[PDB]
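Trainee: Pasting a structure below so you can have a look.
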Amino acid sequence: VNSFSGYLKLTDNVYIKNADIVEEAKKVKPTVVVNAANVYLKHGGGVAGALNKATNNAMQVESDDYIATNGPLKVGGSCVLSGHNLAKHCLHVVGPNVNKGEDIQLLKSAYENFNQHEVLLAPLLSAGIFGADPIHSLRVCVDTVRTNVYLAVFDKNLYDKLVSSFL
Ligand SMILES: OC[C@@H]1COCCN1c1ncnc2[nH]ccc12
Ligand SMILES: [Cl-]
């Protein structure tokens, strides 16, 4: 039993809700929140910009030190950093950005990072400003993640379509 509330169950391990991931994290304080990161951990917009803003830019400061030490992530890769005031940890995961021409097959690799954590709060990878089809992203999530994932979808209209079209 966990403290996630109001989710629709899609499969044994995948749950979904129309919610602002920032507000969800602040309420639940999960062990792991997933950020929709880029390889430079530049948290300018989308989910990343919103999460970073909620940390008063502490996420960005920590991220800049991480990059200075380690260099950029790989598309499809991840790193674990602090969750600041939002969660114990933040798993920064880089899905392919279609508006950069990146290979959508890397979306499965991106979701595989979730399997290293027993329970996560997460957005749909490569959705929003990363330009992929969110219906496809949900399909890949369900077919790749085996640990317990709670998906927050900000847009109510998109949430209803993902549910109604879910196979
Ligand atoms: O689940 C990811 C969805 C779908 O594509 C990107 C937008 N999404 C968000 N969902 C929930 N909270 C959010 N805060 C900022 C963005 C955002
Ligand atoms: Cl977005």
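In the structure tokens, chains take letters A, B, ... by order of appearance, with residues numbered from 1 within each chain and ligands from 1 in the order shown.
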Please return as JSON, numbers by chain the residues found within 6 Å of ligand 2, counting only C-alpha atoms and all ligand atoms.
Mentor: {"A": [46, 47, 128, 129]}
Trainee: Excluding residue 83 (chain A) and its own-chain neighbours fewer than 2 positions away, which residues fall within 9 Å of it when counting only C-alpha atoms? Please give them as a PyMOL selection string.
Mentor: chain A and resi 29-33+55+59+80-81+85-91
Trainee: For residue 14 (chain A), work out the shell of residues within 10 Å, counting only C-alpha atoms and skipping chain neighbours fewer than 6 positions away, then give it as a list in words.
Mentor: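 Here the qualifying residues turn out to be residues 7, 8, 138, 141, 142, 143, 145, 146, 147, 148, 149, 150 and 151 of chain A.
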Trainee: List all protein, DNA and RNA residues that have an atom no more than 10 Å from any atom of ligand 1, counting only C-alpha atoms and all ligand atoms, and report them as a PyMOL selection string.
Mentor: chain A and resi 16-25+34-36+45-51+121-135+137-138+150-156+158-159
Trainee: Counting only C-alpha atoms, which of A:161, A:28, A:77, A:99 gets nearest to residue 3 (chain A)?
Mentor: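 Going through A:161, A:28, A:77, A:99 one by one, the smallest distance to residue 3 (chain A) is for A:28.
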Trainee: What does the structure give for the distance between CA of residue 101 (chain A) and CA of residue 157 (chain A), in Å to one decimal?
Mentor: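 These atoms are spaced 26.6 Å apart.
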Trainee: Enter the distance from CA of residue 78 (chain A) to CA of residue 108 (chain A), in Å, rounded to one decimal.
Mentor: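 These two atoms are separated by 12.8 Å.
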Trainee: Which one of A:69, A:2, A:115, A:38 sits closest to residue 102 (chain A) if you count only C-alpha atoms?
Mentor: A:38
Trainee: Identify which of the residues A:54, A:84, A:43, A:163 lies closest to residue 9 (chain A), counting only C-alpha atoms when measuring atom-to-atom distances.
Mentor: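 Among the listed residues, A:163 lies closest to residue 9 (chain A).
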Trainee: Can you work out the spacing between CA of residue 95 (chain A) and CA of residue 60 (chain A) in Å, to one decimal?
Mentor: 18.6 Å
Trainee: May I have all residues of region 45-100 of chain A that DSSP, computed from the backbone, assigns to strand (DSSP E or B), given as JSON, numbers by chain?
Mentor: {"A": [78, 79, 80, 81, 82, 89, 90, 91, 92, 93]}
Trainee: For the residues selected in the previous step, produce a file with N, CA, C and O atoms as a PDB file, in the first residue's frame.
Mentor:
ATOM      1  N   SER A  78      19.943   8.077 -18.055  1.00  0.00           N
ATOM      2  CA  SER A  78      19.399   8.689 -16.853  1.00  0.00           C
ATOM      3  C   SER A  78      20.500   8.914 -15.829  1.00  0.00           C
ATOM      4  O   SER A  78      21.594   8.339 -15.909  1.00  0.00           O
ATOM      5  N   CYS A  79      20.172   9.729 -14.829  1.00  0.00           N
ATOM      6  CA  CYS A  79      20.968   9.812 -13.614  1.00  0.00           C
ATOM      7  C   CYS A  79      20.040  10.078 -12.438  1.00  0.00           C
ATOM      8  O   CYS A  79      18.953  10.639 -12.604  1.00  0.00           O
ATOM      9  N   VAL A  80      20.475   9.662 -11.252  1.00  0.00           N
ATOM     10  CA  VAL A  80      19.751   9.895 -10.010  1.00  0.00           C
ATOM     11  C   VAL A  80      20.378  11.087  -9.304  1.00  0.00           C
ATOM     12  O   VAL A  80      21.578  11.081  -9.001  1.00  0.00           O
ATOM     13  N   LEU A  81      19.574  12.108  -9.039  1.00  0.00           N
ATOM     14  CA  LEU A  81      19.991  13.267  -8.266  1.00  0.00           C
ATOM     15  C   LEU A  81      18.986  13.483  -7.139  1.00  0.00           C
ATOM     16  O   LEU A  81      18.066  12.683  -6.938  1.00  0.00           O
ATOM     17  N   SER A  82      19.176  14.559  -6.383  1.00  0.00           N
ATOM     18  CA  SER A  82      18.265  14.852  -5.289  1.00  0.00           C
ATOM     19  C   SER A  82      16.861  15.165  -5.800  1.00  0.00           C
ATOM     20  O   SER A  82      16.677  15.750  -6.868  1.00  0.00           O
ATOM     21  N   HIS A  89      14.386  11.394  -4.244  1.00  0.00           N
ATOM     22  CA  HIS A  89      15.277  11.384  -5.390  1.00  0.00           C
ATOM     23  C   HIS A  89      14.531  11.860  -6.623  1.00  0.00           C
ATOM     24  O   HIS A  89      13.317  11.665  -6.752  1.00  0.00           O
ATOM     25  N   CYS A  90      15.281  12.442  -7.553  1.00  0.00           N
ATOM     26  CA  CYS A  90      14.789  12.694  -8.900  1.00  0.00           C
ATOM     27  C   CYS A  90      15.585  11.839  -9.879  1.00  0.00           C
ATOM     28  O   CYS A  90      16.821  11.931  -9.934  1.00  0.00           O
ATOM     29  N   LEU A  91      14.877  10.998 -10.629  1.00  0.00           N
ATOM     30  CA  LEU A  91      15.463  10.240 -11.728  1.00  0.00           C
ATOM     31  C   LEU A  91      15.293  11.073 -12.994  1.00  0.00           C
ATOM     32  O   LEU A  91      14.179  11.204 -13.517  1.00  0.00           O
ATOM     33  N   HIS A  92      16.391  11.671 -13.461  1.00  0.00           N
ATOM     34  CA  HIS A  92      16.391  12.451 -14.696  1.00  0.00           C
ATOM     35  C   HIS A  92      16.540  11.480 -15.854  1.00  0.00           C
ATOM     36  O   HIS A  92      17.581  10.829 -15.973  1.00  0.00           O
ATOM     37  N   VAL A  93      15.521  11.371 -16.707  1.00  0.00           N
ATOM     38  CA  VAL A  93      15.509  10.411 -17.809  1.00  0.00           C
ATOM     39  C   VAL A  93      15.388  11.175 -19.116  1.00  0.00           C
ATOM     40  O   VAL A  93      14.502  12.031 -19.256  1.00  0.00           O
TER      41      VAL A  93
END
Trainee: So, with only C-alpha atoms as the atoms that count, which of A:68, A:162, A:58, A:94 lies closest to residue 39 (chain A)?
Mentor: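 The shortest atom-to-atom distance to residue 39 (chain A) comes from A:94.
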Trainee: According to DSSP computed on the backbone, where in region 2-51 of chain A is there alpha helix (DSSP H)? Give the residues as number ranges by chain.
Mentor: A: 21-28, 46-51
